[PDB]
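Subsequent text provides structure tokens for two forms of one protein chain, presented individually as structure 1 and structure 2.
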Structure 1
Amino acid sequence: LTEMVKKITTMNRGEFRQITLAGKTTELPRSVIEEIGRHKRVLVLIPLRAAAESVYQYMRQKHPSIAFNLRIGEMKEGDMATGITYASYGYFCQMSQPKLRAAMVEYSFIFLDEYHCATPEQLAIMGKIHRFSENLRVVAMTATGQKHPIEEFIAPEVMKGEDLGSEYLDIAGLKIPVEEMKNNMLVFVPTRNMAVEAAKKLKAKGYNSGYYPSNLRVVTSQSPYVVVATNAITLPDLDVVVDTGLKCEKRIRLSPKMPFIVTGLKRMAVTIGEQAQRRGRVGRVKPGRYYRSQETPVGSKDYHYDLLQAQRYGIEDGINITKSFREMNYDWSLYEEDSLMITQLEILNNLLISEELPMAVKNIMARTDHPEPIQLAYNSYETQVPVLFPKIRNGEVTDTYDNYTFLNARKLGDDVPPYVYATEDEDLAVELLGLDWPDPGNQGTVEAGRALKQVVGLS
């Protein structure tokens, strides 16, 4: 739209704008560049590398009159490319704060696409560029298809040992009318284990069930079908959706007792948006039915675990990513905030960067397949030796261990390490084995804990 372009094109350096109107990532920057001029540099940040590639490919074909650039690999030295530059946020994560600023200042406009995804690279770049925001023109964009009526239902929860008539059946803990099994059903469940258990039970009852891609084609090719899936992106002639309203997602637990940081998957409610995408699977080609649990959706994505992961990208430059997030969010108002949480996270982020990271640790983090390398960085403040904790199966300690590369790790044994950062399954092992986590062993960790106690107190 013309008015929006006029508004963005008149922005002065140091200004920020938030847009919701869904052309977006394609037609909005295109219109802006045609207005500002073809030779002016315009940057469009996209979360996924493959997504950035897709747009670049599409746009260069569609508009030959405008120049397009793709930035998803290695750093282009002295990059001065003229058209619209489509880049991943991770592309800019490679650069030092001075280098990043030098690069960023050259673009006339910077477009932040799909900021609601809140990936660690995304959170780090937003916080980092905001540091020199006075020098930029930043535009944050978001998009926050039913052709037939959707009938909505609240399915009651099936109680343990409840005897449903010949009229109802258990669909992932929800009481669904049996007459619904004559239709094409999609069931949303939080876990992979539940998708398999729900599918296998329905198959045993005689239903054409499958779980979640080529091995679903055998199910979906015959109707009626029932497909049990976790949060996903074919499903022909879909009639009904059964939504558990739940998802499995990483979460953080902050405490003044060490380990101060505890992370892992936890079952939680989906967001309003997620629920809308789940209900949106029906009413597209024919009428639909949507059965939801009594579970209330949350308003927004919990970015805390990703914020903690983002902190890594500020280590080399000695930047506190949480402080940067907070300062940025104040000016830009993109995300909801939990002030106690951000405070705690900032106290720990100061610890993370309080000292130069040991070369040994720096080198392990670079090469390891370990899913949370930041754990190594935080723990370096107390220990240099990574510890292999026994794996938890069902709710019991086993003799299985995760084998991550380049760790030079040691088995837990009876020796609990002084971890600053632990996983839910590491903490569980400690408790199940009747062992205790050590208390802070140095001024740094001691004061960090004292500061944490203090905040939870004034909370």
Structure 2
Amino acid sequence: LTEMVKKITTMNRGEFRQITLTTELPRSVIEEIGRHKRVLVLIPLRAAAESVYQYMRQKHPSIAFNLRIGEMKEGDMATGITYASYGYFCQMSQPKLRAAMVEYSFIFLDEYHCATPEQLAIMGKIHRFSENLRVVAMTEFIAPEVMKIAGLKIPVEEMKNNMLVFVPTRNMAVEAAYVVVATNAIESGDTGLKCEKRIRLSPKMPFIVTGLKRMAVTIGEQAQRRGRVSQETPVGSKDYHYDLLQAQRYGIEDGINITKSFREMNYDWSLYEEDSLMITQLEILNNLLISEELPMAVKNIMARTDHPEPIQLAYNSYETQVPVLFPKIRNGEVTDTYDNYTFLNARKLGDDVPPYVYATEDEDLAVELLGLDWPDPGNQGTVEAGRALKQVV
């Protein structure tokens, strides 16, 4: 640790170090450079931030500690180690963010492999002035599958023991249901699977289609599941493309292309695996997103809706200002049920499909099932994004 600390503490501004082990490290660093110096530690979850803050301030009285998980503390100059969430810094404009960030001697990006939208936006954004910073990024039974519990062959003798069954979907957890069949959301408060959002990009409009997908859990997630006490191989790396798309919301007001910032940061810091074609397509779409000032009406809706992906509203506004209500899909069939989110003031699908730039898996499915067709780009900007996407392929 004294090696790591000596390497960190000799760092010049405009330098970067990636470390693999992560909380006694910032402590050693501050004790080395001076207790009145300022050092920032970025943590994904607010709960995780508060938890470290508490743990550290109790364990290390003599070292000042700060917590930033709420409202922007204007003119903040708290000496000691500051534990903040990436989301805290998401409230400030680029200039405010830079002014805030350069006031820290060291910046520790903890658990960067989570790749949350707040994390991805902050890393791309601060990398924009990385020359002014010193940043350090920090990071048994095999059951067979059943043929003609959760699709796995488990001995009946194990039912006499206390069981936790990890399952990917909400439906599977109830259908199979001491024995508790719980989703990954269980740990918050193994089938090797999980349900996460994924994205598909194409030159054909809607260029973006997002939806839940059953996938393999990561080695980290498998470790978390095993830590509570299938033949499915875990992924080394989580897919951050949805998250990167959601992260784009954080550059709208500043007119910053988050996708370009991510790509440029990652080229310098080499923190994530890259899918060049996907990043390129996401970047073309990102340029479109910020090509014009967002209509005030759309800004307000995005701010007030309970819609799960308000960025969809921002993208679609390049074609339509009226949100559409697609009939819900229960059991592979189109129902007469609708998902209505607040402030949209939407019209129902009917037989008139909206010129969506950004759609959901289910919105696409309803269109297909009904035998309808998605319109084509209606304007030069949208037509041009499409040609650019085709060219990139």
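In this text, rigid core is short for the largest set of C-alphas that superpose within 1.5 Å between two forms. Just so we're on the same page, residue numbers count up from 1 along structure 1's sequence.
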| item | value |
| --- | --- |
| Sole residue of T119, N349, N184, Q309 shifting 2 angstroms or more in CA between the two structures, core aligned | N184 |
| Core-aligned C-alpha movement of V105 between the two structures, 2 Å or more | no |
| Flag for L340, CA shift 2 Å or larger between the two structures after aligning core | no |
| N329 C-alpha shift between the two structures of 2 Å or more, rigid core reference | no |
| Rigid core superposed, the C-alpha shift at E382 between the two structures in Å | 0.4 |
| Core-fitted comparison between the two structures - CA shift at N403, Å | 1.7 |
| Rigid core superposed, the C-alpha shift at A276 between the two structures in Å | 4.5 |
